[PDB]
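Take a look at the structure set out below.
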Amino acid sequence: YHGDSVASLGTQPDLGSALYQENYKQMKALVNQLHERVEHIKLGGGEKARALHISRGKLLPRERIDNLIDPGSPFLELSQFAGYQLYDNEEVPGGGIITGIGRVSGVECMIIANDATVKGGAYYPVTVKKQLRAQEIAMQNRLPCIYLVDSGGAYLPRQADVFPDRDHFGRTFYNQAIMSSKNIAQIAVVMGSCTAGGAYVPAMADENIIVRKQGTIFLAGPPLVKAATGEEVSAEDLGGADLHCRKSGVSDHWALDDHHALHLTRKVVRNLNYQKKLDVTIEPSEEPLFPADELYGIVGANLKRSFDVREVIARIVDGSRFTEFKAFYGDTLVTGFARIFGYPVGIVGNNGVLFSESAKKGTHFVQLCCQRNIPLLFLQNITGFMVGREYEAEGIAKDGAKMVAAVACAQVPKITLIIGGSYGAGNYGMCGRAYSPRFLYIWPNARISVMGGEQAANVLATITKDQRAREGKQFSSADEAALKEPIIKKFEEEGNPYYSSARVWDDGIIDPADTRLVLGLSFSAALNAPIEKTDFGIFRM
Amino acid sequence: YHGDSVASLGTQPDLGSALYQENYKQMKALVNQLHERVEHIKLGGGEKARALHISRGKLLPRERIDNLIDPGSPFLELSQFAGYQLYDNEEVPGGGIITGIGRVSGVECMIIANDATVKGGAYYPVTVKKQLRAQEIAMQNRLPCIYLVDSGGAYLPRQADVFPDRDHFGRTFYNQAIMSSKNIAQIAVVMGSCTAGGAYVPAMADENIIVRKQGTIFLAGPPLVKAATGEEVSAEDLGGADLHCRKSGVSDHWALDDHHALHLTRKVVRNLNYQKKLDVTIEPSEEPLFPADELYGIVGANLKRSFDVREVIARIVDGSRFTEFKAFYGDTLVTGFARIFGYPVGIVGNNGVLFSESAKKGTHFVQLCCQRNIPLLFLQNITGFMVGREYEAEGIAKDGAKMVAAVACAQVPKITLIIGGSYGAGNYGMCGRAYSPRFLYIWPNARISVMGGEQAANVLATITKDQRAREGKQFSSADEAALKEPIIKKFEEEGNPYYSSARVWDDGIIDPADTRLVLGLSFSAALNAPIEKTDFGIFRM
Amino acid sequence: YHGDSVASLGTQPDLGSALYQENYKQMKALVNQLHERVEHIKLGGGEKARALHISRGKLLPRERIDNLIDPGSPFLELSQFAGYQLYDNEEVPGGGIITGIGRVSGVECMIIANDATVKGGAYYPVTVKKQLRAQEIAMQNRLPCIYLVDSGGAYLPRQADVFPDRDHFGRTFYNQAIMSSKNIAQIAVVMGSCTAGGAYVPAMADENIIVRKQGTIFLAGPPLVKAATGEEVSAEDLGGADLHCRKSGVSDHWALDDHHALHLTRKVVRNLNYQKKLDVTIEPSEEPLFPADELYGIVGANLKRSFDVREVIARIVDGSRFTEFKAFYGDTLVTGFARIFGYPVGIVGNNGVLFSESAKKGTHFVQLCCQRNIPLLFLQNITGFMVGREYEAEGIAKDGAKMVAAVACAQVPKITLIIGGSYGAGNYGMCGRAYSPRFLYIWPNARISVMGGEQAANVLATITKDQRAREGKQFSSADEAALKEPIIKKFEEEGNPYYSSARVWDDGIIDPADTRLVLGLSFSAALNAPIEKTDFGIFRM
Amino acid sequence: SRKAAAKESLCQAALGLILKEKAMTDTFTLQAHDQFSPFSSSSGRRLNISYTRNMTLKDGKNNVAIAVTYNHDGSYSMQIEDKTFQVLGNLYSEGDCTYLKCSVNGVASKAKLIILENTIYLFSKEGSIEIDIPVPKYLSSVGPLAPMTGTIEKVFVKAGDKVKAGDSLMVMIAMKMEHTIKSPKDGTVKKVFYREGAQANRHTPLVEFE
Ligand SMILES: *C(=O)CCCC[C@@H]1SC[C@@H]2NC(=O)N[C@@H]21
Ligand SMILES: *C(=O)CCCC[C@@H]1SC[C@@H]2NC(=O)N[C@@H]21
Ligand SMILES: *C(=O)CCCC[C@@H]1SC[C@@H]2NC(=O)N[C@@H]21
């Protein structure tokens with residue numbers, strides 16, 4: 001039937017209130033700062049290396065992805081802020097690599113493009129981290145993976161941090177070997193010069209493409225040949241495109257220039273015989289009834305004041321409709337059913353500290369979402385986990401452990417978004433990074449640490465007051481201020497969205513408004529895989 | 001192609017023949033009697049209890065199901081005649097409970113509503129029988145189950161017949177625990193007061209709904225608290241809706257009144273993520289070419305005269321088309337292929353006593369229907385199984401055993417309809433009640449016993465004549481009449497449709513004409529489950 | 001390693017205490033009464049029918065089972081007390097049928113023997129109930145089933161209670177048809193005269209045996225032939241063993257007399273190609289360190305006094321060793337790990353009313369036993385479920401519902417033993433009859449009702465005092481005594497072990513001492529089936 | 001001034017609503033896998049009994065209850081107050097407009113049927129009638145408690161005040177987290193129980209409405 005009317009969420013905020021004006025101004029300042037930083041990261045290695053990249057007839061890497069995907073298609077870039085002030089004097093825009101999800105010939109493909117304008121396309125340790133993150137996104141979601149190989153050797157003085165470990169560079173080839181055994185098609189397009197470790201990236205591909213007078217593959221370079229043998233050889237005579245397409249047989253297609261290689265890539269993807277099948281149910285899409293500059297005004301920059309998380313769920317779902325589950329029992333957690341772009345979503349959000357009733361409500365809701373095969377969207381705004389003697393007497397530990405067990409055993413596509421603070425073990429309960437969500441984005445006001453700066457400063461102040469009163473010396477106000485400034489300063493600097501997103505702890509600082517669109521894009525890629533049956537472990541009753 | 005023309009069944013009966021007039025008049029009398037009896041059962045517990053039910057702001061239970069299902073949807077009630085003269089002075093309309101299949105938010109759901117106007121909604125043993133029948137209908141057909149809880153405690157002086165056995169009251173909670181492990185969603189709506197055993201019916205639900213100032217859940221009542229403790233407590237202070245939604249956490253949604261609870265129920269069903277998938281093939285539907293007041297005239301009330309079962313199959317299938325399988329070999333069984341409402345049906349019907357050729361034809365047809373995954377509709381009009389010395393010499397026992405083995409091993413959705421007599425072990429061969437059909441309806445002229453009244457009277461007359469002639473006393477005509485009246489009287493009373501349907505031996509006396517529509521509704525619910533592969537045992541050759 | 005020493009349970013009781021002497025004397029009186037009642041039930045239909053059974057060269061049915069099983073093998077009879085004072089003037093020993101588990105040719109087989117000395121071997125409704133219970137025991141445990149057919153027709157004036165329903169007589173043939181599709185071998189031995197409905201029991205067998213001049217199969221008797229046709233025929237000329245082995249082909253083996261038929265049965269079982277495989281782990285067996293006349297002294301006859309259930313677990317397990325799980329949290333439920341006869345058992349027992357902590361401990365333990373594939377033995381000694389306003393405020397309902405869900409979803413072989421009272425919905429939580437245990441035995445002091453006699457009498461006294469004080473009349477002590485005597489009398493009579501075991505609500509009143517041996521036998525049969533993986537539903541957190 | 005609707009006009013409004021619900025059912029079926037199936041026909045066919053739907057329409061200011069019996073032949077018998085009407089009809093389209101074709105007690109008529117949110121518009125050659133569908137309480141409903149155990153910074157209102165919904169009543173700080181209470185309810189405050197600087201506990205009532 002699906003025809004009767006249903007009430008909807010949402011409250012029109014007081015746009016004249018000075019709290020709204022201050023929250024709106026401060027969040028707008030954060031978003032403008034984000035805008036200008038990503039416009040500086042977009043240029044890449046600078047105009048000198050861009051001139052030397054276009055003087056060899058090479059398309060710039062963002063132009064390569066622009067000519068590769070379907071015309072007019074949205075591209076979802078992942079981890080645009082990697083390597084941001086991560087090395088001391090070495091400015092590495094984008095990590096050196098451009099990874100994202102796009103629509104190629106009607107198929108959602110995962111694209112990995114070596115930016116050669118930034119330090120010769122050399123692999124930094126954060127470049128390997130970003131690449132392995134992209135490859136497990138492609139394996140979780142069953143996305144066909146496209147590599148646009150333009151390398152410059154692994155970096156030498158960071159070689160330890162790139163070479164031997166489990167999640168170091170060689171894992172890349174593991175990821176291409178396993179994904180080929182699962183029918184997830186791997187295409188490599190040699191547009192540059194992979195050398196001596198990176199030459200396995202074209203050689204382990206199910207179907208390969210190379211470019212004449214521009215693309216070289218060899219396991220050993222002309223310096224290594226001139227040192228070990230003494231035979232002078234060039235690059236194109238040693239591992240050029242004519243040699244590889246005609247004699248050795250490493251490359252499978254041959255391309256005149258860059259546009260021909262991207263055209264051939266689209267042909268190879270079109271002949272993959274892939275047909276998308278959704279097992280979830282879809283309703284005709286709709287729109288939120290409230291705009292998202294109101295999310296600028298509602299949420300704001302200060303983490304001291306709380307807000308209602310329902311005013312976020314009114315702004316991001318279809319029709320602003322939301323079936324709230326167990327609405328009065330433990331209202332520091334808001335769990336309900338909504339739809340984004342037709343997809344059914346089970347939305348879990350925070351409203352305060354987590355009592356035991358909140359953890360029981362969360363465990364029940366995650367079990368419902370895994371029994372009905374509904375995806376889960378977690379929204380994190382956490383302060384902590386409700387300290388007190390009575391609550392530890394009640395067994396607040398086993399209830400948080402039940403929520404952690406049900407979140408970790410869940411097989412549905414989970415997506416985390418950190419709309420505020422994310423501190424401590426509550427971060428584990430609300431499906432943080434270590435619990436394998438599909439995607440994890442953050443907002444530019446978020447903070448993430450092991451505790452807040454004030455919590456660390458105040459428990460260290462009380463503990464040192466306790467041990468000095470056992471000692472006997474005078475612990476004054478100035479000693480307390482000299483005790484409290486570096487703890488607050490360190491937890492503020494290292495809790496930033498830019499500190500967390502300089503690594504690949506999160507998949508990217510996103511704008512609040514774009515939040516709605518971004519979630520839809522994320523969920524679309526996550527529905528490219530069939531949904532497995534969830535089986536939980538032992539619930540500690 | 002599907003375009004060429006095909007001959008059809010059906011003969012226009014002699015409407016002027018006095019046999020037609022008498023058969024039509026007697027079947028019309030049976031159907032009018034059925035009509036007035038179900039209109040008396042529909043009112044329920046009477047006007048005094050209906051006034052005291054509406055004085056508390058409660059919707060009457062038939063109004064609850066009317067406001068729960070989709071607008072204009074047909075409701076298929078099951079077992080409307082339970083408890084009909086089943087207890088001595090206790091008039092229990094409908095068993096005390098209203099079970100059926102309806103269309104809620106586009107999903108075929110199974111609805112179980114406690115009628116509180118009939119003896120406080122207390123559980124009689126027939127109420128437990130009717131409820132467990134409804135729950136296995138929901139489990140066979142994978143129908144999501146909705147309970148509208150309004151109880152009054154299990155009945156005390158019948159407590160043995162309600163409490164301990166396997167298919168007594170506690171089995172209900174077993175059925176909700178198993179069905180929740182299979183993703184068959186269980187919703188309970190507490191509209192009344194479940195007490196101390198029935199409080200497990202809301203507590204074992206996957207998603208619960210309760211009503212303020214009207215719905216109470218407790219494992220122990222205020223008499224039990226006042227006896228065991230001595231603390232006076234009310235109902236709402238002990239187990240009310242505010243206490244359960246806010247402190248204890250038993251209820252998941254909270255409802256202002258009855259209309260809000262049914263609205264919330266429709267929301268909960270809409271967000272179940274269920275999408276119906278048919279594995280059978282469908283053709284565009286059609287109509288019978290002959291009306292069903294002709295079934296009144298054809299079939300009639302006397303079981304002595306035979307009729308043609310093909311004149312029934314002309315009246316209930318689409319287009320009156322019927323591909324008859326093995327039409328000459330053993331024509332006391334009529335087996336063929338037809339379609340009802342687009343669904344492909346394999347129709348098995350009787351025309352007389354069952355010879356061995358009839359059993360072989362039946363075994364072959366059931367094997368065809370299970371190899372092609374076609375449903376089966378059995379029509380029972382049985383006298384017996386062809387006595388004689390020659391037929392026992394032929395092995396008529398092993399042929400009936402082959403039909404019983406193939407009927408019992410069959411995995412397709414089987415539906416039985418008893419259009420006439422159903423006596424003895426032929427009732428086992430033609431898929432009676434003990435062989436688990438999906439639904440089993442009867443017509444108001446049917447009879448069902450272990451043998452006919454005349455068979456029992458005549459074999460007992462001949463056996464007692466045989467033992468008196470060995471004895472020597474005079475066994476006259478008057479002794480034979482005093483021997484033959486209570487056997488005939490008992491087998492006539494206890495073979496009735498109302499005696500069989502006062503228990504839950506059948507799913508309901510249906511009108512002949514409505515027969516067509518009812519079968520379509522039944523088959524629709526039975527196609528909500530995927531069809532399993534049939535594997536038979538050992539065929540006694 | 002398995003070598004280090006471990007503490008053990010058990011306390012030597014005060015054998016000189018007058019409580020021990022009185023408890024021992026009263027339990028010894030109960031066991032002697034049980035002994036003399038089963039020695040009267042063992043004789044069967046009496047000496048006149050036993051003389052007329054042995055005058056036709058027939059072995060008596062207990063002698064048939066004695067010559068069928070392996071020499072010296074223990075026979076586990078099930079439901080010896082069926083039909084005990086269940087019909088008014090009709091004394092039906094054993095129900096008319098002898099069902100049990102025995103060891104035939106090295107295989108645990110399930111044996112169903114028609115006692116023909118009791119009313120001609122005719123089927124009473126309790127005979128059908130006992131037979132269908134035996135057949136689902138054979139299907140749960142994968143035991144090959146042997147029938148020793150000696151019937152006399154279904155009983156006529158009880159024909160309704162025998163014929164049409166789902167779990168009436170025809171279900172028997174359903175059970176043989178399904179079990180043959182699963183490779184559970186069905187042997188029928190026609191030693192008597194099955195007639196016209198019972199003739200499907202030999203005809204649906206995978207391998208059949210018949211006896212000359214003694215065994216007749218026909219779908220229609222000589223009275224029915226003489227009535228319908230008028231042809232006089234005998235029994236042996238119509239359906240004798242020579243006719244069926246030579247012309248018709250219903251029987252597969254031919255036997256001279258009864259000893260030859262049992263010898264041929266043992267041959268047929270030996271050539272079944274069955275090899276028992278245990279998936280559980282076995283340790284070398286041991287003995288309890290305390291005898292079980294101490295269980296007479298410990299447990300006694302009065303249900304008012306409590307005892308320790310651990311003194312039962314010291315008396316029935318191997319070595320008196322018992323790893324107690326969660327021993328302090330909620331000590332009104334005792335859950336632990338032990339071994340009986342080498343088999344690993346998870347033992348759950350009661351010690352009082354069930355608080356919410358007891359239900360949480362029970363749910364955790366049942367989840368452990370299903371994760372490790374360990375069988376479960378439930379010991380029931382229940383008064384109730386802890387009334388009070390605070391406990392209903394805590395949500396005691398959802399905790400009992402969690403225990404009911406985990407008990408009902410469990411796939412391990414569960415065995416219930418009712419060592420004391422078993423009242424109300426706690427009976428559902430501790431795996432009573434409706435939750436499908438493998439076997440359910442009781443002790444001769446047990447009581448089972450919907451509540452105790454005093455609970456029913458006292459809550460009805462307080463409720464009627466409430467309503468009379470609203471009325472105004474005088475409710476004196478004598479009115480209260482006339483109110484309290486028939487409630488106590490009815491709940492005492494209908495809560496008996498003999499009232500519960502006259503039906504097939506339990507598999508038999510067993511001696512306390514024999515309890516140990518009986519459990520081992522039960523568990524051995526229950527390990528003839530491989531253990532399935534358990535998947536629970538939704539735990540109401 | 002506005003004139004009251006005739007009982008025949010209420011029959012037409014009820015029929016248009018029932019047929020619009022059918023239309024929604026039909027367009028759901030067109031997207032279903034289970035096509036041609038029963039349950040899709042909004043016939044109201046109960047087994048052995050009839051189905052009567054009790055609906056209420058609001059005519060101006062006054063409510064009228066209409067009992068609609070579903071007949072086997074597709075007709076309706078609508079009893080308004082006491083008088084029964086035999087009501088038949090269907091929908092048809094001409095271009096982009098939907099028309100309701102009626103026959104009430106043998107009297108045929110035709111009117112344009114437009115249903116916008118709650119209001120049923122019937123445009124005929126004799127006038128235009130607006131019939132409203134009543135809105136149930138649970139779709140039109142959209143005192144306060146303390147969120148945690150904290151100290152109150154600023155009170156806002158006293159007795160004799162009036163706030164409207166979504167108003168600041170109190171601000172309380174609980175373990176360094178500023179919580180501004182708001183009003184879901186409405187009216188006038190009768191008592192403020194905690195003055196500024198006092199300690200409020202979990203789920204403790206702050207203000208009251210009399
Ligand atoms: C003040 O400086 C902060 C003290 C502790 C932080 C608070 S207490 C309650 C919240 N839960 C938690 O673990 N930390 C938060
Ligand atoms: C006359 O009173 C009836 C005699 C027997 C009934 C007939 S004989 C053939 C049919 N088969 C059967 O078993 N009973 C029917
Ligand atoms: C006295 O006559 C008995 C009163 C109630 C029985 C007691 S109260 C606590 C136990 N739990 C329960 O439900 N019944 C038992």
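Every chain in the structure tokens takes a letter, A first, then B, and so on in the order presented; its residues are numbered from 1, and the ligands are numbered from 1 following the presented order.
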
So which residues touch segment 24-27 of chain A within 12 Å, counting only C-alpha atoms, skipping near sequence neighbours fewer than 5 positions away, as a PDB file with N, CA, C and O atoms, in the first residue's frame?
ATOM      1  N   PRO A  13      14.997  26.215  13.492  1.00  0.00           N
ATOM      2  CA  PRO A  13      15.772  26.818  14.575  1.00  0.00           C
ATOM      3  C   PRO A  13      15.573  28.319  14.632  1.00  0.00           C
ATOM      4  O   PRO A  13      15.116  28.951  13.680  1.00  0.00           O
ATOM      5  N   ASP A  14      15.907  28.886  15.783  1.00  0.00           N
ATOM      6  CA  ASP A  14      15.728  30.318  16.006  1.00  0.00           C
ATOM      7  C   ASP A  14      16.845  31.053  15.291  1.00  0.00           C
ATOM      8  O   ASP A  14      17.922  31.264  15.841  1.00  0.00           O
ATOM      9  N   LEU A  15      16.578  31.468  14.055  1.00  0.00           N
ATOM     10  CA  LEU A  15      17.616  32.067  13.227  1.00  0.00           C
ATOM     11  C   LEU A  15      18.022  33.450  13.705  1.00  0.00           C
ATOM     12  O   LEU A  15      19.088  33.933  13.318  1.00  0.00           O
ATOM     13  N   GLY A  16      17.208  34.103  14.518  1.00  0.00           N
ATOM     14  CA  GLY A  16      17.601  35.378  15.064  1.00  0.00           C
ATOM     15  C   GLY A  16      18.366  35.311  16.359  1.00  0.00           C
ATOM     16  O   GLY A  16      18.875  36.339  16.813  1.00  0.00           O
ATOM     17  N   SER A  17      18.453  34.135  16.971  1.00  0.00           N
ATOM     18  CA  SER A  17      19.135  33.999  18.245  1.00  0.00           C
ATOM     19  C   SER A  17      20.632  34.154  18.054  1.00  0.00           C
ATOM     20  O   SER A  17      21.190  33.658  17.082  1.00  0.00           O
ATOM     21  N   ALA A  18      21.283  34.840  18.998  1.00  0.00           N
ATOM     22  CA  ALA A  18      22.704  35.135  18.857  1.00  0.00           C
ATOM     23  C   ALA A  18      23.573  33.900  19.000  1.00  0.00           C
ATOM     24  O   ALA A  18      24.706  33.892  18.500  1.00  0.00           O
ATOM     25  N   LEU A  19      23.062  32.856  19.659  1.00  0.00           N
ATOM     26  CA  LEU A  19      23.725  31.560  19.631  1.00  0.00           C
ATOM     27  C   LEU A  19      23.772  30.998  18.215  1.00  0.00           C
ATOM     28  O   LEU A  19      24.805  30.470  17.787  1.00  0.00           O
ATOM     29  N   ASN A  32      35.187  27.424   5.292  1.00  0.00           N
ATOM     30  CA  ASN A  32      35.982  28.214   4.354  1.00  0.00           C
ATOM     31  C   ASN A  32      37.466  27.875   4.448  1.00  0.00           C
ATOM     32  O   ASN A  32      38.172  27.847   3.427  1.00  0.00           O
ATOM     33  N   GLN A  33      37.953  27.619   5.662  1.00  0.00           N
ATOM     34  CA  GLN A  33      39.332  27.180   5.833  1.00  0.00           C
ATOM     35  C   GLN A  33      39.581  25.845   5.143  1.00  0.00           C
ATOM     36  O   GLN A  33      40.600  25.674   4.462  1.00  0.00           O
ATOM     37  N   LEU A  34      38.653  24.900   5.307  1.00  0.00           N
ATOM     38  CA  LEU A  34      38.703  23.622   4.600  1.00  0.00           C
ATOM     39  C   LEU A  34      38.759  23.805   3.089  1.00  0.00           C
ATOM     40  O   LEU A  34      39.529  23.124   2.401  1.00  0.00           O
ATOM     41  N   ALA A 292      20.813  22.660   4.996  1.00  0.00           N
ATOM     42  CA  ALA A 292      21.944  22.250   5.820  1.00  0.00           C
ATOM     43  C   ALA A 292      22.888  23.386   6.217  1.00  0.00           C
ATOM     44  O   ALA A 292      23.774  23.185   7.063  1.00  0.00           O
ATOM     45  N   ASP A 293      22.674  24.601   5.716  1.00  0.00           N
ATOM     46  CA  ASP A 293      23.221  25.757   6.417  1.00  0.00           C
ATOM     47  C   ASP A 293      22.590  25.897   7.797  1.00  0.00           C
ATOM     48  O   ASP A 293      23.201  26.438   8.729  1.00  0.00           O
ATOM     49  N   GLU A 294      21.390  25.352   7.966  1.00  0.00           N
ATOM     50  CA  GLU A 294      20.883  25.118   9.300  1.00  0.00           C
ATOM     51  C   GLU A 294      21.737  24.121  10.071  1.00  0.00           C
ATOM     52  O   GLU A 294      21.796  24.216  11.290  1.00  0.00           O
ATOM     53  N   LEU A 295      22.425  23.176   9.413  1.00  0.00           N
ATOM     54  CA  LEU A 295      23.348  22.348  10.192  1.00  0.00           C
ATOM     55  C   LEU A 295      24.569  23.131  10.618  1.00  0.00           C
ATOM     56  O   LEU A 295      25.139  22.834  11.677  1.00  0.00           O
ATOM     57  N   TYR A 296      24.978  24.121   9.821  1.00  0.00           N
ATOM     58  CA  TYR A 296      26.010  25.048  10.298  1.00  0.00           C
ATOM     59  C   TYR A 296      25.553  25.761  11.559  1.00  0.00           C
ATOM     60  O   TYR A 296      26.297  25.863  12.537  1.00  0.00           O
ATOM     61  N   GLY A 297      24.321  26.258  11.550  1.00  0.00           N
ATOM     62  CA  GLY A 297      23.826  26.995  12.701  1.00  0.00           C
ATOM     63  C   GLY A 297      23.543  26.132  13.908  1.00  0.00           C
ATOM     64  O   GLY A 297      23.747  26.563  15.042  1.00  0.00           O
ATOM     65  N   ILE A 298      23.073  24.914  13.691  1.00  0.00           N
ATOM     66  CA  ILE A 298      22.720  24.034  14.793  1.00  0.00           C
ATOM     67  C   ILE A 298      23.973  23.525  15.484  1.00  0.00           C
ATOM     68  O   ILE A 298      24.112  23.634  16.706  1.00  0.00           O
ATOM     69  N   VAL A 299      24.921  22.994  14.713  1.00  0.00           N
ATOM     70  CA  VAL A 299      26.001  22.236  15.323  1.00  0.00           C
ATOM     71  C   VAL A 299      27.101  23.154  15.830  1.00  0.00           C
ATOM     72  O   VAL A 299      27.487  23.086  16.999  1.00  0.00           O
ATOM     73  N   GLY A 300      27.635  24.012  14.973  1.00  0.00           N
ATOM     74  CA  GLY A 300      28.583  25.012  15.439  1.00  0.00           C
ATOM     75  C   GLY A 300      29.954  24.442  15.764  1.00  0.00           C
ATOM     76  O   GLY A 300      30.282  23.312  15.425  1.00  0.00           O
ATOM     77  N   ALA A 301      30.755  25.239  16.459  1.00  0.00           N
ATOM     78  CA  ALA A 301      32.139  24.865  16.698  1.00  0.00           C
ATOM     79  C   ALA A 301      32.449  24.441  18.123  1.00  0.00           C
ATOM     80  O   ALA A 301      33.380  23.661  18.320  1.00  0.00           O
ATOM     81  N   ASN A 302      31.716  24.924  19.122  1.00  0.00           N
ATOM     82  CA  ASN A 302      32.016  24.586  20.507  1.00  0.00           C
ATOM     83  C   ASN A 302      31.487  23.204  20.842  1.00  0.00           C
ATOM     84  O   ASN A 302      30.335  22.880  20.549  1.00  0.00           O
ATOM     85  N   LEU A 303      32.329  22.405  21.487  1.00  0.00           N
ATOM     86  CA  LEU A 303      31.955  21.074  21.937  1.00  0.00           C
ATOM     87  C   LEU A 303      31.436  21.054  23.364  1.00  0.00           C
ATOM     88  O   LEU A 303      31.033  19.990  23.839  1.00  0.00           O
ATOM     89  N   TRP A 443      33.577  15.563  10.348  1.00  0.00           N
ATOM     90  CA  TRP A 443      33.241  16.965  10.145  1.00  0.00           C
ATOM     91  C   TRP A 443      34.389  17.838  10.622  1.00  0.00           C
ATOM     92  O   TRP A 443      35.203  17.399  11.427  1.00  0.00           O
ATOM     93  N   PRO A 444      34.505  19.085  10.157  1.00  0.00           N
ATOM     94  CA  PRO A 444      35.676  19.885  10.532  1.00  0.00           C
ATOM     95  C   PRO A 444      35.663  20.429  11.951  1.00  0.00           C
ATOM     96  O   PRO A 444      36.597  21.148  12.320  1.00  0.00           O
ATOM     97  N   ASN A 445      34.668  20.111  12.773  1.00  0.00           N
ATOM     98  CA  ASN A 445      34.702  20.484  14.176  1.00  0.00           C
ATOM     99  C   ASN A 445      35.029  19.331  15.099  1.00  0.00           C
ATOM    100  O   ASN A 445      35.041  19.525  16.314  1.00  0.00           O
ATOM    101  N   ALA A 446      35.248  18.140  14.564  1.00  0.00           N
ATOM    102  CA  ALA A 446      35.374  16.956  15.382  1.00  0.00           C
ATOM    103  C   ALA A 446      36.668  16.981  16.166  1.00  0.00           C
ATOM    104  O   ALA A 446      37.599  17.712  15.854  1.00  0.00           O
ATOM    105  N   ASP A 511      32.446  18.516   4.302  1.00  0.00           N
ATOM    106  CA  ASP A 511      31.532  19.598   4.603  1.00  0.00           C
ATOM    107  C   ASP A 511      30.275  19.040   5.258  1.00  0.00           C
ATOM    108  O   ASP A 511      29.881  17.907   4.973  1.00  0.00           O
ATOM    109  N   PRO A 512      29.647  19.793   6.163  1.00  0.00           N
ATOM    110  CA  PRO A 512      28.372  19.329   6.725  1.00  0.00           C
ATOM    111  C   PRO A 512      27.272  19.147   5.696  1.00  0.00           C
ATOM    112  O   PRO A 512      26.672  18.071   5.651  1.00  0.00           O
ATOM    113  N   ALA A 513      27.045  20.141   4.830  1.00  0.00           N
ATOM    114  CA  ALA A 513      25.957  20.086   3.852  1.00  0.00           C
ATOM    115  C   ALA A 513      26.130  18.932   2.869  1.00  0.00           C
ATOM    116  O   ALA A 513      25.247  18.059   2.740  1.00  0.00           O
TER     117      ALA A 513
END

**Request:** From the DSSP assignment of the backbone, select every residue of segment 173-366 of chain B that is alpha helix (DSSP H), and format the answer as an MDAnalysis selection string.
**Result:** chainID B and resid 173:180 200:203 222:228 236:239 241:243 258:270 293:299 310:316 356:366

**Request:** Compute the set of protein, DNA and RNA residues whose minimum atom distance to ligand 1 is at most 12 Å, using only C-alpha atoms and all ligand atoms, and state it as a ChimeraX atom specification.
**Result:** /A:304,352-355,382-388,391-392,396,421-427,450-462,484,488 /D:148-150,173-177

**Request:** Determine, counting only C-alpha atoms, which protein, DNA and RNA residues have an atom within 8 Å of an atom of segment 215-223 of chain C; residues of the same chain fewer than 5 positions away are not included. Present the result as a list in words.
**Result:** residues 385, 387, 388, 392, 396, 397, 459, 462 and 463 of chain B; 190, 191, 192, 193, 194, 195, 196, 197, 199, 210, 232, 233, 234, 235, 236, 238, 239, 240, 241 and 244 of chain C

**Residues near residue 134 of chain C, cut-off 10 Å, only C-alpha atoms, skip fewer than 6 positions along chain, as a PyMOL selection string** = chain C and resi 78-79+98-101+110-112+128+145+507

**Message:** Based on only C-alpha atoms, which of the residues in chain D come within 12 Å of chain A? I want them as a ChimeraX atom specification.
**Reply:** /D:20-32,39-42,117-118,135-142,145-149,165-168,171-182,184,202-203
